[PDB]
Amino acid sequence: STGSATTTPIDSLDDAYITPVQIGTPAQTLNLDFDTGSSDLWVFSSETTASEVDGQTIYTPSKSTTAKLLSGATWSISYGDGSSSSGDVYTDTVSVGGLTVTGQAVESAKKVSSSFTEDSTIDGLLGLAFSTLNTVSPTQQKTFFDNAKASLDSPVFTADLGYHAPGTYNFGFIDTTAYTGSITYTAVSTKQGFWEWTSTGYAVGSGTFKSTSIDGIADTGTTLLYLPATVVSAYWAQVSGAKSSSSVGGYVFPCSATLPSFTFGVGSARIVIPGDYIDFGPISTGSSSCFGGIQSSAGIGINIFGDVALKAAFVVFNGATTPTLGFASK
């Protein structure tokens, strides 16, 4: 089997991407944030504290003839951005782009933090990291991909995120029309539960490539590119007037600037992030200070190849017995 679903930016900045997901019988379609940095499929629901729902579409398990309470199971998750959610668990039928999993754990939120409430466009998350990170207790649950894998034509999924445009998540096949050149594959460590890999270096604009190992994670659920402070300083030094602002929470730059590209290495291959992908717009409405899309990972404890990086590539998440990651230009 295979599946193919379009993923759509939630706003004009590509802050996140939503993908429609069918849950239950009859189907209830929710727009979920596919997150290769976490491993829980959780949704706003009829159980979510009413004051914490503000415009989201909810899953109502009592209206699904295939929903079953997973007795005694609870979940609770905290994300890198400080947001969180928790609740109980159902199993139900879940379909993405025509690919169906029966008995998928659907984690129903009883509580969500303010950032989730405040974002009316995201109805929940669909985790695509390794199932070892799943938070369900006392019996850990599998991700949608883990459950689907054996049925797939090939044990893979691909992320093809758009810049200010829709893109695609495919399951079970590689669309050879969706990229240019070849796909370069690179090793993955699953030791921390992430799609963790080592980039071979970087360049700023038309500058020379610096060969240096940068360990980080491929994370579709993180907006920006978080890299070591040395790398980030080298990038922003090429933008007149750019500075790190403690008050704003990162590097800012004059909105009048033209940003240089940023290249990262994948083995001997190179992925080029155009400068415009690094512009996250005014820090507040009407400001002429703009927020940068490349930020320091110092004090996160891990480097993160978030959407800024991933949307410059066609990315293969290869879930074979020994997982690997592939990157192609597009």
# chains A, B, ... in the order shown; residues from 1 in each chain; ligands from 1

$ residues_around --residues "residue 259 of chain A" --least-positions-apart "2" --cutoff "9 Å" --atoms "only C-alpha atoms" --output "VMD selection string"
chain A and resid 205 236 238 to 239 257 261 274 to 279

$ select_by_dssp --residues "segment 76-237 of chain A" --states "helix (DSSP H, G or I)" --output "CSV table (one decimal) with N, CA and C atoms, in the first residue's frame"
chain,number,residue,atom,x,y,z
A,114,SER,N,-1.5,26.9,26.3
A,114,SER,CA,-2.0,28.1,25.7
A,114,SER,C,-1.6,28.2,24.2
A,115,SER,N,-0.4,27.8,23.9
A,115,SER,CA,0.0,28.0,22.5
A,115,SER,C,-0.8,27.1,21.5
A,116,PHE,N,-1.3,26.0,22.0
A,116,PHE,CA,-2.1,25.1,21.2
A,116,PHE,C,-3.5,25.8,21.1
A,117,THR,N,-4.1,26.2,22.2
A,117,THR,CA,-5.4,26.9,22.2
A,117,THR,C,-5.4,28.0,21.2
A,131,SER,N,9.1,5.1,17.8
A,131,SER,CA,8.0,4.9,18.8
A,131,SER,C,8.6,4.8,20.2
A,132,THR,N,9.9,4.6,20.4
A,132,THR,CA,10.5,4.7,21.7
A,132,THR,C,10.2,6.0,22.4
A,133,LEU,N,9.9,7.1,21.7
A,133,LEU,CA,9.5,8.4,22.4
A,133,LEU,C,8.1,8.5,22.7
A,144,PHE,N,1.9,6.1,13.7
A,144,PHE,CA,1.2,5.7,12.5
A,144,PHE,C,2.1,5.0,11.5
A,145,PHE,N,3.3,5.6,11.3
A,145,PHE,CA,4.2,5.0,10.4
A,145,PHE,C,4.7,3.6,10.8
A,146,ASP,N,5.0,3.4,12.1
A,146,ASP,CA,5.4,2.1,12.6
A,146,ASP,C,4.3,1.1,12.4
A,147,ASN,N,3.0,1.5,12.6
A,147,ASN,CA,1.9,0.6,12.4
A,147,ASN,C,1.7,0.3,10.9
A,148,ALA,N,1.9,1.3,10.0
A,148,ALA,CA,1.7,1.1,8.6
A,148,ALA,C,2.8,0.3,7.9
A,149,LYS,N,4.0,0.3,8.5
A,149,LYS,CA,5.2,0.0,7.8
A,149,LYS,C,5.2,-1.3,7.0
A,150,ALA,N,4.7,-2.3,7.7
A,150,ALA,CA,4.8,-3.7,7.1
A,150,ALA,C,3.9,-3.8,5.9
A,151,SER,N,2.9,-3.0,5.8
A,151,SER,CA,1.9,-3.0,4.7
A,151,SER,C,2.4,-2.2,3.5
A,229,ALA,N,26.3,28.0,17.7
A,229,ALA,CA,26.4,29.5,17.8
A,229,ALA,C,27.5,30.0,16.8
A,230,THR,N,28.6,29.2,16.6
A,230,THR,CA,29.6,29.6,15.7
A,230,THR,C,29.1,29.7,14.3
A,231,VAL,N,28.3,28.7,13.8
A,231,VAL,CA,27.8,28.7,12.5
A,231,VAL,C,26.8,29.9,12.3
A,232,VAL,N,25.9,30.0,13.3
A,232,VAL,CA,24.9,31.1,13.2
A,232,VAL,C,25.5,32.5,13.2
A,233,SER,N,26.5,32.7,14.0
A,233,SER,CA,27.2,34.0,14.0
A,233,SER,C,27.8,34.2,12.6
A,234,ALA,N,28.5,33.2,12.0
A,234,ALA,CA,29.1,33.4,10.7
A,234,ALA,C,28.0,33.7,9.6
A,235,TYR,N,26.8,33.2,9.7
A,235,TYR,CA,25.7,33.5,8.8
A,235,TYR,C,25.3,35.0,9.0
A,236,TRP,N,25.0,35.4,10.2
A,236,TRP,CA,24.4,36.7,10.4
A,236,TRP,C,25.4,37.8,10.3

$ closest_residue --among "A:2, A:62, A:49, A:57" --to "residue 85 of chain A" --atoms "only C-alpha atoms"
A:49

$ select_by_dssp --residues "segment 64-215 of chain A" --states "strand (DSSP E)" --output "number ranges by chain"
A: 68-78, 84-96, 99-112, 124-127, 156-160, 167-171, 184-187, 196-204, 210-215

$ closest_residue --among "A:178, A:309, A:156, A:106" --to "residue 264 of chain A" --atoms "only C-alpha atoms"
A:309

$ closest_residue --among "A:152, A:298, A:325, A:271" --to "residue 198 of chain A" --atoms "only C-alpha atoms"
A:325
